[PDB]
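What follows is a pair of forms of the same protein chain, given separately as structure tokens and numbered structure 1 and structure 2.
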Structure 1
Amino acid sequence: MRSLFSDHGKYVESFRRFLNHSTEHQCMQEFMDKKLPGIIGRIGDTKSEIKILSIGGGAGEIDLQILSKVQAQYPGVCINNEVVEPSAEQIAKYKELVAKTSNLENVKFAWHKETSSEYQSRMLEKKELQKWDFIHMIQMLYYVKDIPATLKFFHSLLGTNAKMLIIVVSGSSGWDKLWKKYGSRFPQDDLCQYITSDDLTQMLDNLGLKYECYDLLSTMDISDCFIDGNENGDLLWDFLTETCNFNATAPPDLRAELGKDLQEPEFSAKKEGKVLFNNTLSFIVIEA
């Protein structure tokens, strides 16, 4: 039983089934349209340049939505958007997207193929720390080894009136229930750990930082998960379990258990002839 984190194989294909089967994207887009404006309201006050740091930037969809809200709030102001991302593949697509968008003149990008850790250490070696007006870590803390040091570090880079935004699954989502109850019966991949908003808020309370946490409901249609032999439903099985071919490798005593739970009022809600795994997201805003 190997971790789906296999890398650029079943991972990607399973991920895709996750996107085209959940409101993951719409959920974040809804937050950027209704809450982001208020949040970035003063990050550029008194400045002739706005510095934005994207950790785990990814492909850039949401990144681009963020810039747009920042731009309408600060017409004419140059923006400097740096991106910290380890995967060349992700960087390639991010670049492609930029070259197709046309409202990006006052915006200059720079991409760095490295991890947030390499960034952290490599920046602790130079001179004094460069400050940022806005930093964001969207769905990537799962891949960080030392979360506390990471949160203390990046918070120390926040300039005057600056804000840091972080997004992970909610402590009240199905994932939370899925990991607590079956977390150890799933392949241990030291490349990623389980993290919910509960864990994050406790680490933030302990670090003594001031934050605000908003939850927003999202779902993942796992209807194909109850249709024996459904090849797509099997795909979702791999993403959830973080295991390749979960259906054909997992103890008959394991899956048999999951079936009953992936339907309970804690894991998923049922309606319209559908089963919707709870994908609630958390948006934490950390003040400088």
Structure 2
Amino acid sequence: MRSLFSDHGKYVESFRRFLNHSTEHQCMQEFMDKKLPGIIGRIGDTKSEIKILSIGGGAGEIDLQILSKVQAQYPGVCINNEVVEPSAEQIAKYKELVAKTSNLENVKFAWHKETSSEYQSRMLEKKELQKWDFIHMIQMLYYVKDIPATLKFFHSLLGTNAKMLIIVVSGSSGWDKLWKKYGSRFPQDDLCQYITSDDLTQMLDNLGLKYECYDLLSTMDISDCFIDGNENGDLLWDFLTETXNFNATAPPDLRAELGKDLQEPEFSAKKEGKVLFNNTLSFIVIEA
């Protein structure tokens, strides 16, 4: 088999179906509306500029919502939103989104086509480290080589009253169960780390950083995954397994097995007929 990250083709397409078959964005949006305002309430205090660093910003749809909340707390204040993203493709999409979005006059965007790691190296050379008021790393620590070094470095970039938000799947999610029970069944992955909020809180504890973690239930409708002849299902199987052509490249044993307990209370829930895989998310807020 081959990590999904490989075939850029389906990698991007399996994710598309994921969002259309999950509550991932609704969950995040819920967090931005109910919890974020309170979290960023003082990051702009005494500042004539608010610096926001988006690590791993994809097309920026969540980025803009966060910006929305920031502007709401600090009307009139210029916002400098820098985005660190290696994909020239995501950057292009992010830009087009920004161009079609109204009420962004007060915001200056900057895109850095590189990984958080490269960004780190480049900054460490500079005469001095620049501070940020808000840094967010949404669903991307999975693709980082050195997580503790990333957490420690970006936390060191936090200014006075600054905050750092991290989002990854929760340790109580179905992903955690899925990775513990079938982890061995798959080959080593130099392109992806299968970590959850449990791994993060452990690293944060040892790092001695102050943080708070909130969990919000989220679901992934994996119904189509149980219909042999279904294009969408097969795509969901790739995402769910972080594997290129899973059904086609995976031992019938692993396949038949997974498709069995993927319907167990252990991994999913059955409501309205649908099979809802546990996609519970964790929102981690770190203080300067």
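Sequence positions of structure 1, starting at 1, serve as the residue numbers. Think of the rigid core as the biggest set of C-alphas that the two forms share within 1.5 Å after superposition.
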Check: Which listed residue (199, 189, 215, 82) has a Cα shift of at least 2 Å between structures 1 and 2, rigid core superposed?
Finding: 189
Notebook entry, point to check: After the core is overlaid between structures 1 and 2, has the C-alpha of residue 65 moved by 2 angstroms or more?
Noted result: no
Next item on the list: For residue 7, give the CA shift between structures 1 and 2 in Å, the superposition being done on the rigid core.
Entry: 3.2
Item checked: Core-aligned Cα shift of residue 21 between structures 1 and 2, given in Å -> 0.3
Checklist line | C-alpha positional change at residue 233 between structures 1 and 2 - rigid core reference, Å | finding: 1.6
